[PDB]
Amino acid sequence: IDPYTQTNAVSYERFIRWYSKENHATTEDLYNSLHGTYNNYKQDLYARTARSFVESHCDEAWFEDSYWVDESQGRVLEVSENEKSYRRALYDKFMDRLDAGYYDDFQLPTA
């Protein structure tokens, strides 16, 4: 059946098979081709499921505190004066370290 209609994520292998049949299957080659198509299929899947996901979680406390903003019911999501202080501490530590050559020899390792 058409994954592009269904609410559930089909595996990359199970996807290939649908596509193989849908478009008339070495998989070996197809594996290296549909990486992007599958990414777009997921992107699309995510998109049309998005509203359902909100509809069910919108009244949960964790979901509201993330996303629900409304100036009519005093639901803003500003940065606390407490937090601003916390960040400036982490800033100042970093620049003290910078100036003491803490980061002079720094770089992400290699694989």
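Residue indices: 1-based, along the sequence shown.
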*Taking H24 and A25 as adjacent modelled residues, how many residues of the deposited sequence between them have no coordinates (none, 1 to 3, 4 to 9, 10 or more)?*
1 to 3
*Can you let me know which of the two, 33 to 41 or 66 to 74, has the higher average C-alpha B-factor in the entry?*
66 to 74
*According to the deposited model, is the average Cα temperature factor higher in 13 to 21 or in 95 to 103?*
13 to 21
*Lowest, middle or highest third: where is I1 by C-alpha B factor in its chain?*
highest
